[PDB]
Amino acid sequence: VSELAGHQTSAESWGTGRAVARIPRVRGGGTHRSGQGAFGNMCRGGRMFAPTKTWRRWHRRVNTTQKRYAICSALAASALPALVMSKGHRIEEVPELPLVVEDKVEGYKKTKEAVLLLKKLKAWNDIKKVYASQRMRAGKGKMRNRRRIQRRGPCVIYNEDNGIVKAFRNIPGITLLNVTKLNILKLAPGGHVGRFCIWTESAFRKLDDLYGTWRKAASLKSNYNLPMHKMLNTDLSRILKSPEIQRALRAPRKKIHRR
Amino acid sequence: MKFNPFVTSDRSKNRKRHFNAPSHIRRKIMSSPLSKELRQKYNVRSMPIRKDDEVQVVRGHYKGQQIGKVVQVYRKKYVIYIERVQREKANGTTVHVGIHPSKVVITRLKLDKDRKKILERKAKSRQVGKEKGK
Amino acid sequence: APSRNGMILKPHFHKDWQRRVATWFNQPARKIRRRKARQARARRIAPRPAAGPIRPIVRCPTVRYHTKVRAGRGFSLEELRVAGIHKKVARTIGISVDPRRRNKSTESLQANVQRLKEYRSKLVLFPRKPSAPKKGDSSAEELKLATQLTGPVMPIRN
RNA sequence: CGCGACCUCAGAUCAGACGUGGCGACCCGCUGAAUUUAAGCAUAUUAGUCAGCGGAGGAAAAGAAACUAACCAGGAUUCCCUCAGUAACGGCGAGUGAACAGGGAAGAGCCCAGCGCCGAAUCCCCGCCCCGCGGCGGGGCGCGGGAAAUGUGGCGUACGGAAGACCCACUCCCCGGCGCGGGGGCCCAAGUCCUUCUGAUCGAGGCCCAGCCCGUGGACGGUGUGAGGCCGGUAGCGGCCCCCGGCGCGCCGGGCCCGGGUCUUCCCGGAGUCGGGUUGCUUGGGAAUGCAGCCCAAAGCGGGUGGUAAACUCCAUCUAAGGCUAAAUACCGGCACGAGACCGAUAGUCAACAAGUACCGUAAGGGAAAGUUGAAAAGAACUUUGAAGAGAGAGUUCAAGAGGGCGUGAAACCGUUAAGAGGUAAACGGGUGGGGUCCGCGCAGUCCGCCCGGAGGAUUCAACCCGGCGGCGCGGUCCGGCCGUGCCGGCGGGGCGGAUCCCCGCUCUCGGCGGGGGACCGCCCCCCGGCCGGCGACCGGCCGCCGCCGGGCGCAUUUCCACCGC
RNA sequence: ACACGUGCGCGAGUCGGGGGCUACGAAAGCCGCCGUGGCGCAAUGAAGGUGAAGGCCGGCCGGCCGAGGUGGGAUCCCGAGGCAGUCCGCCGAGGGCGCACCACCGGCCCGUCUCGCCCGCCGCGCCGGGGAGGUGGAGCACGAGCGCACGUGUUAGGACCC
RNA sequence: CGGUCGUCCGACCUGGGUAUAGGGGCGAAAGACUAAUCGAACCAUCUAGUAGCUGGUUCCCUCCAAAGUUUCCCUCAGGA
RNA sequence: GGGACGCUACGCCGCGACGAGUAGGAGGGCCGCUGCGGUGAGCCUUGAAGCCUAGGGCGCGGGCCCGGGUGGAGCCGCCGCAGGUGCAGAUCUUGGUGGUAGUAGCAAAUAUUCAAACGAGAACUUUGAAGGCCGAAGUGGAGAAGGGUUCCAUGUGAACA
RNA sequence: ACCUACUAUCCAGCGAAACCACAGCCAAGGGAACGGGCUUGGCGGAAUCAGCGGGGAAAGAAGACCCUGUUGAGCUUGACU
RNA sequence: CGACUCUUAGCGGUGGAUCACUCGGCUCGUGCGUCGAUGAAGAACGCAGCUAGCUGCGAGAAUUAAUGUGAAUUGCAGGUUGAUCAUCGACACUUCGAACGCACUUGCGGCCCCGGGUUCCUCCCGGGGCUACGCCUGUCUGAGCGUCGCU
C-alpha cells in the first residue's frame, strides 16, 4: 500500500467536549467531508492498520545440499508406479514407467510428430485428461491475468535442444526441462512428488554424471554424492515375519478381557 | 504462449485498446470471413466489411440463408446494419437490428481500386506461407 | 524493560531510517544489464580480450595478507624499462601502466618482466593497414588464428 | 593653449550574442530546529534531520595522492560484501559510531602557470572566391580593422623536461564533401461441419482407417453464457514498402616531414598560501578529525603526513595552496512500456464517474459524495379516467418479478394478508401440553442366506482332450543372463588425483627456477577370470504341481435359472 | 537484533546472501583456483605477551608405558543353579565392563601474590626461563557448530488501535 | 427585542484610502482587540509528537492454573 | 536329537481414576474468510455466487448438508502455501431507519371586507369599491459599496417560496 | 379580584429537535452502605386529552472546586543554565 | 372474533448490505531521460449548425497543410481527382504571465515606414517594424589640472 494513503489529509481532534468521539477530524469546510474522521483504521478512508511495505522478506534461501536432495527425491519417486498414480497421471497403458526414448525426437520440428509420439507411447491419455481439466478459475484470479487453469501434463526431459522444444510447447501440460538445469518447481508441482517424466536416451544416461552412484561422485558437480539411506529394507512386513526376529518373541496375548 | 515481450497479455489493457480504438482501427476489428465460394477464388480468409456487401447471418435470432446487403457501418457501436435484418417498433416504424461483424459471412464484395489492391496483397502473403513453409 | 535473561542490545533505528531504505529488487535486473553491456563491449573489441589489459603480479601489504598474490593496477616503469617497452606504446597493446608503483624488491621486479616477456610472445599484432604489413606485426597466418580470450588474461594463480 | 598617443571612466533602440523563469523524484553548496529518548532534565539523542535559500545535469558530485600503510608493501574516483555494531566518541548513561586491508562491478588518462626555446610564429570581427549550407564549416585573399609584448600559439608538467653530438627507424596521421540493423506502415494457418439445448451458443455427443482440421500459432480480447480453428490477434532467422546515420571501398580540396636509445650541458614549480595561537560549528577522531571568523605569518637538501601534547635523531611516503575527464552508481518528477500469491466502489490514489470538480474560508488553504436496465431500446404503439402528476388495459423481452439513479435488493423500519395470544413492562432457561406448518410420499409392514416339496425351463454338471494365461518351487543344488551400497586376482589397459620420486624455456657447459614426461601409490571405468548374494526395490528359458479362461465331447438321479408354501 | 525450544541438510566444519556462466523465467541450475569473508575450531591479561597430562626403568640424558581417579549410574558380558541323557533358547544367587549425566578429589593453560634453588645463550646483566603453594578467568581435560524454516518471549522502530 | 436610561459643540459620530502582523502589532489599561478564535490569531508541515493515564481489543472445544507478597528504584496509579 | 470382522499402526481395542474456574499458558479444530501451487476425466443457463425460508437433519460447539422460493454466471471439495482472516460495545467511522410525533411549533411591528374577471381547482392571482397603516428623520423618490442578469415580455405550476 | 391583545385549546394545511441498556405503581429489608427490576408483602384493566413540576440520584459538557502525573502554559525573582 | 399491542411467516414499501462483474488504483521492473526572450510552466478569454460541463483548438480557433490509411461521422438535419481516423516533418498560435515602451486604469506614449488624409502641409484615422534589465567582443561619440609627447 502507498505510504501517502490516508496521510494526505490535514486533521485535528476536537478534544474533549462537543459530544464527539475524540477522533482526529477534517478541518472545516462546507462539504460532506468536514469533521468526518481522517486518521485511524476504524474510520472510512484514511490509513489502514500496519501498512504493508515493500521491504517484507519475500524471498527465501535454501541450502545447496537441500536443493539437490529434493531433486534426487523427486527423480527417484518418478520411477515408482504407485506414487505416479497418486499424482493422477493416466499412464496405465505406458509400457515402462522409466520411459526412455531414442535421440531422434530432438530432430522433431512439428507438433504433429510430437502428438503421434505420445499416441505411440500411450501417454496421450494424460494430455487428453488435460483437456477435461480446462476451466476458468474460481475467485478474483480471473481479473488478475489468471483466468484459465488446467492440470499438469507429462514432463519431457531433453539432453540437447534441436527443435524438440518448438515441437512440444504447443501441447498443453507438456513442460520442457534441460538435463543439467532441473527444477523442483516443475518436477514436484504443488509440493507433491511423482510427476510423470519422459526421458530421451542421452537424457537418461547423463543422470550418472550429474549425481553419480554411491561409490562414485558426480563429475559435473564440484563435490556431491548421493545421500545415504537411514534404513535399507523398507518393507518391514518381510522383516517382521522373518525367522530371525520370530524366535526372540513372546507369545501374543489376544484374548479380550473386558470388565 | 505469446513470446513478444512488448505485446500486452493483460485483460484490462486489452479491453482498453478495443473499446477506445480509433476509427481506422475500428474497421480492422470489423472483419468477417468470406463465403466459401469466394474463398478458393480470392484465397482470402477474412476481410473488413464496407457499406455495400451481401451478407448472410450465421448466428443469433436472425440467422438463415437469406441474402441481404449492408445499410451502414456503425463503427461507434461495433454494429453493422443489414437490409432485411430488422425488427418491428411499437409505433409501426421499422428498426434495423444490430449484428456484430463476427457473426457475418460475406457472399459478395464491393470491388474498388482500393478494395482490389488488398485482395492480391492478402493473397500474396497467404501464398508465402506455402513456399517458405514448404 | 528487560526480561529475566538476555543481552543488552543497541538497535540503530532511532533515526528516520524508514525513509532511507534501499531495497534490492533491481538485483536480478541489474545482473542482466551488467551482462548485456559486457557482451556488447566484447563485440566492440572483438579481437582484443574481454578482460582488458594485463595486470602485474602484486604482493599484499597488511601482513595478514602478506603471503598472498593479487592482480594489480598496472605495471611499473622499472618493469617496462627492463622489458624494453616504451611506456606510451604499451598502453596501445593492452598493458596496464601506472607511474605510482615502486620497485623495492628484485624478485617481484623480475617476475613482472618475465610476465611481460611471455605476453609479447603470445601477442598477435595486426598491421596498421592490411595492404602493407610492417616489421613488428605478426605473420599472415597468425591473422587467421586470432581469437578472443575469455576470462582474465594470464590468470595469476597463487 | 592648439595638435597627438596612452590609462581610467561613461553614453548608446550601436553590430553580433548571452542570463533571467519553470520543474526539481535523484545531485551539489549553504542555513537549520523542536517534538522524541535519556522513564525528570540542562550536555547529549532526535540531527547535518524536517522546514527555508541558491544552482545544474541525464545523471550530479568526486576523481587521477602534499594517499594507505610499516608489509616480501600496495597504488585515480565511484558502488556492493566484509571489515563492524569494531577501533573510537558519549551526565562513558541513554545512545552514537567510522577507516585500513581483502573479494568483486567498472577501469582511461591527462592539460596549464612557472622553467626555458622559437622574428606574435597566435586569436576575433568584417569584405571577396570556391565548394555544403535546419549546428555557416573549412580552406584561399586581404599595406581591412582589432586583441595580444601588463604575453597568444607550438615543444614542454614531476612518470622528469629542454638544447647539442653519435647510432637506429618508418616518413601517414587526421577535417569539410560525394558515390558504392533499429524505427514506422501493410499483410500471412486451421469447422461456424452434422445431431441436440438456449432468447442467444462459445453448452453436450459425433466426425472410424488422418478418432474432424492447423499448430514454430492451445497467450489475450471481442463476438447475445464457457471458442486454437467467427474476428482482431499469437508463433515464425515469415513476406512486402519507406526513413535514419552507420560500418568499410574509391576520388579529390586538403594540413603532414615528424620519433626512439647512448653521451655532454642546462632547468625545474602554484603566498595573507601552508603553518601556529584563539574562538565557534562539526566529526568516531579522543591535549581540535574536518570547516569557518580574527591575529601572527613562512621556507626551499624545502613543505605536508606517519590517530597523545613536546624536544633531539634516524627513516617511510607524497608534492598542497591551478584545471579537465566517461564506467560501475541514484532516480516517489516526465515520456513509453511489461508484469503482479496486491485492492475491488465505506477497498484501492482525494479523485474507476463533467475530481483537485461541486462546495467552504478575505486569504494562506481545506475538499467531498457519486459504477452497474436489457443480448439488442426492442425505452411501453394504441384505448380509457384524471387538469396533470399519476393509474387500468394492451405491447416489447427469456424475464418489467430488469419500466429510465432501472442487475442481484439483506437488516433496522413501515404497510397489508393468515394464525395464535394479550390486567403484574417486555424478553429468557428447564419441563411438558395444545394449535398450526409442511415432511415421512408410511395407510396393511421387513427381507436376506441354508434345507425340503412339487411344478416347470435349459444346452447344463463332474470327469477327460486341446490351446492360452497366471502363481509357486526347498528343480532338495536344472540351465543361461544381469547387477552389486560385495570381495580377490592382473606379463592388464585407459582416465584422473597425489604435500611419493628425465626433458623444453628463461634470470645469474655446470649449479638455481617454471612447465611437460616417465615410474610408484590411490580412486573410477572396461576386458575378464574365481567365490558370495539376488532377481520379493531388480530374470528369462526348460521341468513339476496348482488355479483360471476359451473350444470339443459328456449328455441328464448331474448342474444352472423361474414359482409358491405364510 | 537477541535468547530458548523444535524440524531439516552437512558436519570440525558450515554458508553465497555479494559477483560471474547458462511466457512462466525477476525462476531454476552451475562456478570453491569465485570460500574472499561471517560463525565455530583457544583462552587469558589493561597491555607487553603468554597460551592447555604425566609416570617408570638405566646411567640432566637414553628406552618403556603412554590420556586422571572415587562413588552412583539406564543398558550390555559370564554362569553356582534350575526349566540315562546332548544342543537351542529361558530365567537366575552372585560376579564385571560400564553410555549419557551428577557429586567430589586431583591434573594442565593465562593474570596476580608469596617463597626459593638455580642453570643458559649470538651481545654473561637490574638479563631469559623453569620450580612449589594460594588466588581470579565467560578456560583445557577425545569436538558441535554452521545454514534454513517454525513457535514463544524481550526490545529499537508509528509498534495492538484512538 | 421592549420599557426605563447616559451623552448629544466637543476627549463628538461616521464613510473611503493608508500604516503598524504574532512572543509581534495595538491598547484613556479591561490581560482588553487583533475577521464569532486571544494569559500569545489562522493555515500547512515536523506528526501517526509523548503519555507510568482512561476506553476498546473480533471463532469453538479440551487441559492446567494464579497473585495483590520479599528487596531495590525522586519508588507510592509504575517498573526491575 | 473349506473356514465372519479386522490393521486410514497418525489405526483399532481393554482396563481403572478424574472432570470448577478470573488473569494467564498450552493443545486440538473434517470450525469459518480470502488468494496461490497441486489435485477431483469436480459442479454449472435442464441454472453458479448471493439472499429469504413455519421443512428434513448432523455435530457438545465453532458451523455444515439437503428440501422450497428468488436470482442469472460463476463456484467448490482434499493436500500444502500465504494473509489487510472472525466484532456487541471503543461518548468507534460511514450510511440508513425508529419512539418522541402528526408533537413542540408556523404568536415582534393595529386589518381586513364585498363584488366581478380568469381558472379544473381561489382566503392569498387580477380589477372595482369600502375600511385601514407607513404620516416627508416614511413602508415614499434616487444613489455609493456590495450583489451580477436579480431588470423587461411571454408561458409553467415538475422542484423552492 | 376583574377587563383587553397575542398565545396556550381544537380544526384545514405544513411540520422538526434534545434524549433513548430494557423500560417505567409503591412500603420495608439487604445490597456498592437512598431500587423500576432482587426478597417479603401491598396489589395490577385497553386507548387517550389539557395541565403539572415530586421522581427518573432527568437532559447540556471525559468536574473548572480537591489530589496525582516525574503532563503543560501565562507571570515573578535572591531558583539552575 | 373486537380497537390497540407482541411473536412468526408470505407479499408489498424505505434502504443499498452481500455476490458476481471493472477502459481504475497500488507495488515492482525496463528503455529513454527532452522546458524557456525563435517567448517555458501556469492563468484568463474566446472557437462547434443546434454544445452547459469534459476534451480539443486559437480569429486559419472540436483545427490548416503534408504523409499513411481507405467509404465514413452520427444524437438530429446538411453535402474514389479521396470521407473518416492515425502519424505529424510544413504553416499558424488572442490576452496576461521570466513578460519586455511606462504603468497595470487596460490608460498614456516616443522613433521609422506605408494606405485614405494630404497632393508632405500641419493634422486625423488605420496598418507594419522597434522602444525591459544586466552582461561579453567589437564600432561610434565622449569626459578627466591621470601619465605624457610635438608645436
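We did not get these values from a lab; they are worked out from the coordinates using the rules stated. When we count neighbours, we look across all protein chains shown, and the Cβ atoms used for this are built from the backbone with ideal geometry, even at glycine.
Which of the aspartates and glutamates could a cross-linker span from residue A:119 if the Cα-Cα distance has to be under 15 Å and same-chain partners fewer than 8 positions apart are dropped?
Filter leaves A:92, A:93, A:96.
Could you tally the net charge around residue A:11, taking each other residue with its Cβ under 10 Å from the Cβ of residue A:11, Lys/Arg +1 and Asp/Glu -1?
+1
Taking chain A as a Gaussian network, where each spring joins two C-alpha atoms under 10 Å apart, which residue of A:81, A:51, A:95 fluctuates the most?
A:51
Taking springs between alpha-carbon atoms closer than 10 angstrom, which of C:128, C:101, C:73 fluctuates most in the Gaussian network model of chain C?
Looking only at C:128, C:101, C:73, the biggest GNM fluctuation is shown by C:128.
Mind checking which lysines have their Cα closer than 28 Å to the Cα of residue C:129? Skip sequence neighbours fewer than 8 apart in that chain.
Within the straight-line limit of under 28 Å, residue C:129 reaches these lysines: C:87, C:88, C:117, C:144.
Sum -39500 (n - 2.57) across every DSSP H segment of at least 4 residues in chain C, then divide by the residue count to get the 222 nm mean residue ellipticity, nearest 500.
-8500 deg cm²/dmol
Quote the FRET efficiency, to the nearest 0.05, computed for residue C:71 versus residue A:3 with a Förster distance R0 of 56 Å and r equal to the Cβ-Cβ distance.
0.75
If you place +1 on the Cβ of every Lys and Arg and -1 on the Cβ of every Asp and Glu, how big does the dipole about the Cα centre of chain A come out, in debye to the nearest 20?
1600
Between residue A:160 and residue B:65, with labels modelled 7 Å along Cα→Cβ, what's the label distance in nm to one decimal, could you check?
Taking the simple label geometry, residue A:160 and residue B:65 are separated by 6.0 nm.
Report, in debye and to the nearest 20, how large the dipole of the protein assembly as shown comes out about its Cα centre when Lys and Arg carry +1 and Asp and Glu carry -1 on their Cβ.
1760
Pull out a ≥ b ≥ c, the square roots of the eigenvalues of the alpha-carbon gyration tensor of region C:20-99, then state rounded if a/c is under 1.5, prolate if not and a/b is larger than b/c, and oblate in the remaining case.
Cα axes put region C:20-99 in the oblate bin.
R0 = 22 Å: FRET efficiency of residue A:150 with residue B:9, Cβ-based, nearest 0.05?
It comes out at approximately 0.85.
Note down the relative contact order for region B:15-107 as a percent, whole number, built from C-alpha pairs under 8 angstrom at least six residues apart.
Computed value for region B:15-107: 29 percent relative contact order.
Do the sum for chain A: with -39,500 (n - 2.57) for every DSSP H run of n ≥ 4, divided by all residues, what is the mean residue ellipticity at 222 nm, to the nearest 500 deg cm²/dmol?
Computed mean residue ellipticity for chain A: -6000 deg cm²/dmol.
Which of A:62, A:225, B:70 sits farthest toward the positive end of the charge dipole of the protein assembly as shown, with +1 on the Cβ of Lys and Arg and -1 on the Cβ of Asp and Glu?
Value: B:70.
Between region B:1-39 and region A:207-253, what is the C-alpha centre distance in whole Å?
Between the Cα centre of region B:1-39 and that of region A:207-253, the gap is 61 Å.
With the cut-off at 1.5 for a/c, could you classify the protein assembly as shown from its C-alpha gyration tensor as rounded, prolate or oblate?
rounded
What's the center-to-center distance, using Cα atoms, between region A:126-145 and region B:57-75 in Å?
Using only Cα atoms, the two centres lie 35 Å from each other.
If you average the sequence gap of Cα pairs under 8 Å that are 6 or more apart and divide by the length of region C:52-158, what percent do you get for the contact order?
RCO, region C:52-158: 27 percent.
Strictly over 20 Å apart at the Cα level, which of B:36/B:122; A:110/A:181; A:221/C:68 would you flag in this model?
A:110/A:181; A:221/C:68
Which value results for Rg/Rh of region A:24-71 when Rg is the Cα radius of gyration and Rh the Kirkwood radius based on the inverse mean 1/r?
Reported Rg/Rh (Cα atoms, Kirkwood Rh): 1.52.
Nearest 500 deg cm²/dmol is fine: what mean residue ellipticity at 222 nm does chain B get from its DSSP H runs of n ≥ 4 alone, each adding -39,500 (n - 2.57), divided by its residue count?
-9500 deg cm²/dmol
Which order results if C:118, B:83 are arranged by neighbouring Cβ count within 10 Å, fewest first?
By the 10 Å Cβ count, ascending, the order reads C:118, B:83.
With only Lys, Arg, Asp and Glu charged, each at its Cβ (+1 for the first two, -1 for the last two), find how big the charge dipole of region A:71-113 is about the Cα centre; round to the nearest 20 debye.
Rounded to the nearest 20 debye, it is 240 debye.
Want the number for residue A:128 to residue A:216: 0.36 nm per residue separation, take away the alpha-carbon distance, what's left?
27.5 nm
Distance cut-off 30 Å, Cα to Cα: go down the list B:28/B:89; B:13/B:69; A:120/B:124; A:67/A:87; C:104/C:135; B:2/B:113 and report the pairs above it.
With Cα atoms farther than 30 Å apart: B:28/B:89; B:13/B:69; A:120/B:124; C:104/C:135; B:2/B:113.
Would you please give the FRET efficiency between residue A:256 and residue A:208, computed as 1/(1 + (r/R0)^6) with r the Cβ-Cβ distance and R0 = 51 Å, to the nearest 0.05?
0.35
Testing the spin-label approximation: label points 7 Å from Cα along Cα→Cβ at residue C:17 and residue B:124. State their distance in nm.
6.7
When a/c reaches 1.5 or more, the comparison of a/b and b/c decides; with that in mind, is region C:84-124 rounded, prolate or oblate per its Cα gyration tensor?
Taking the square roots of the gyration eigenvalues as a ≥ b ≥ c, region C:84-124 is oblate.
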